[PDB]
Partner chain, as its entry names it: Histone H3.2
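So this first bit is one chain, no partners, the form deposited without its partner chain, shown in structure tokens.
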């Protein structure tokens, strides 16, 4: 494995639902590589239909710097218009993954709590969801890390 993820900091947390996601990513690259890394943030909604995922954003790194490297990935927020109203205040998942030359080799998942700003809203949620009052809390202390063996160069 030529690249390994060493660490993720979930920087702006808790955040508003519509705030971008700012993660500091630390990775190590052991040797020169021919192709790009692609880091990707995927929203995994609580909707039951198969389209419940959103690729939120992605960032390419290339040519890959050798050694230990630290950078910030700023990912666009979810498209609320693509999320059923009943699923905006809900427990959901975000996945940060990385691929090399299109081949995924690491994925980090987090559960995400989503609740209203104020008590009166939490106890009497309106039928029309007020997305501007929803606060997300990425449960950053409990990442689920999965690695996949891939061919590099």
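Definition used throughout: the rigid core is the maximal C-alpha set that superposes within 1.5 Å between two forms. Only residues modelled in both forms are compared. Numbering follows the first chain given and starts at 1.
The next section is about a form of this same protein that is not shown, the form deposited with its partner chain bound.
Wondering, does residue 109 line up within 4.5 Å of its partner chain in the entry with it bound on heavy atoms?
Within the cut-off, so yes.
Examine residue 93 and determine whether its closest non-hydrogen atom to its partner chain in the entry with it bound is within 4.5 angstroms.
Within the cut-off, so yes.
With the partner left out of view, is residue 48 within 4.5 angstroms of its partner chain in the entry with it bound by any non-hydrogen atom?
Yes, residue 48 is a contact residue.
Residue-level question: is residue 138 within 4.5 Å of its partner chain in the entry with it bound, judged on heavy atoms?
Yes, residue 138 lies within 4.5 Å of its partner chain in the entry with it bound.
In sequence order, which positions of 114 to 147 have a non-hydrogen atom within 4.5 Å of its partner chain in the entry with it bound?
The stretch 114 to 147, when checked against its partner chain in the entry with it bound, contributes 115, 137, 138, 139, 142, 144, 146 at the 4.5 Å heavy-atom cut-off.
Report the residue, chosen from 26, 46, 114, 58, for which the CA moves 2 Å or more between the shown form and the other one after the rigid core is overlaid.
None of the others reach 2 Å, which leaves 46.
In sequence order, what stretches of at least three consecutive residues shift by 2 Å or more at the Cα level between the shown form and the other one, with the rigid core held as reference?
Run moving 2 Å or more: only 45 to 50.
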